[PDB]
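Listed below are the residues making up each chain.
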Amino acid sequence: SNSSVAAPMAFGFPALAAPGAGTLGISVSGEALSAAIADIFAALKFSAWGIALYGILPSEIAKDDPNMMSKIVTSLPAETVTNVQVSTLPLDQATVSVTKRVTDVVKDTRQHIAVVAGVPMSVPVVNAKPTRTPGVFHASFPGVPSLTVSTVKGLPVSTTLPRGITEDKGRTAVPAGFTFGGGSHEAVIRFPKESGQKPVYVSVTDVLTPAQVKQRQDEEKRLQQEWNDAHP
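Numbers on residues come from counting from 1 along each chain's written sequence, not from the entry itself, and any residue without coordinates is not displayed. By convention in this description, side-chain values take in all heavy atoms of the structure and omit both hydrogens and water.

- The deposited coordinates for this entry were obtained by X-ray crystallography, with a reported resolution of 1.70 Å.

- Identification of the protein chain as Colicin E7 from Escherichia coli str. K12 substr. is taken from the PDB entry.
- The record deposited in the PDB is entitled "Crystal structure of ColE7 translocation domain".

Listed below in structure tokens is the structure:
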């Protein structure tokens, strides 16, 4: 009974979106990344480090999503995550190098959305295709079979966090660990040249249940111990 497309969030602020017949629908406006978010990102300066941005409380998310169908979606202007001119990459290239990613991390037996950087990394790059509805483009990328993006430039944007997602305080970077991104799927989405729309980076994260978080936390601990023990 929700609409087919979510209202637009300011870039860097997450929305909860659920699929309608397998398709997630999101929207983006045309305001720049807020200085606040840009500053947390600038603080991230041979292993990846990350700064937690939002905490996830699955039991709180369940109050508005009892069947746990919603994903956490965060979007950024693509220039925020890469300096590559993506429109000029070869037609057959599936990925693009990035300087940072917004993806999930598990620490202290809790899931968070963090910005991570520090080592060479890429994400899939795909083309959004035009549809029969003005301003709505359709994309498909690894882990997200169907996503529509509505380019609603001019509309106001929201920074209000939905129940179950909280703002993490602090800008201190911590090692990213071993399983970062385990619950996320990201891509840089390119729009038709005729549209005039600049590419957008989208990160879609699964809301992990307490059982899933514990499993990942246990995996993180084990991989860390193995790494520790395998040093000279």
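1. Quick notes on the sheet that holds strand β10 (residues 136-141)
Part 1: For two strands to be treated as a pair, DSSP must find no fewer than two bridges joining them. For helices the rule is a DSSP run of H or I covering at least 4 residues; for strands it is a run of E covering at least 2, with both sets numbered from the N terminus onward. In spatial order, the strands read β2-β11-β10-β9; together these 4 strands make up an open sheet with mixed pairing. What marks the edges here is a single partner per strand, and that holds for β2 (24-28) and β9 (129-130).
Part 2: Across 5 bridges, β10 lies against strand β11 (residues 144-151) in antiparallel orientation. Each residue of the ladder has a partner; that of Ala-139, found in β11, is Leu-147.

2. Some remarks on the pairing of strand β15 (residues 200-206)
Part 1: Only protein chains enter the area calculation, which uses a 1.4 Å probe; residues under 20% of their type maximum are buried, those over 50% are exposed, and those in between are partly exposed. When you tally the buried positions in β15, you get 6 out of 7 residues, the bulk of the element.
Part 2: Across 7 bridges, the pairing between strand β4 (residues 71-77) and β15 is antiparallel. Pairing of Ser-75 across the sheet is with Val-202, part of β15.
Part 3: Direction of pairing for strand β14 (residues 184-190) relative to β15: antiparallel, over a ladder of 6 bridges. Each bridged residue has a counterpart across the sheet, and for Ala-187 the counterpart in β15 is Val-202.

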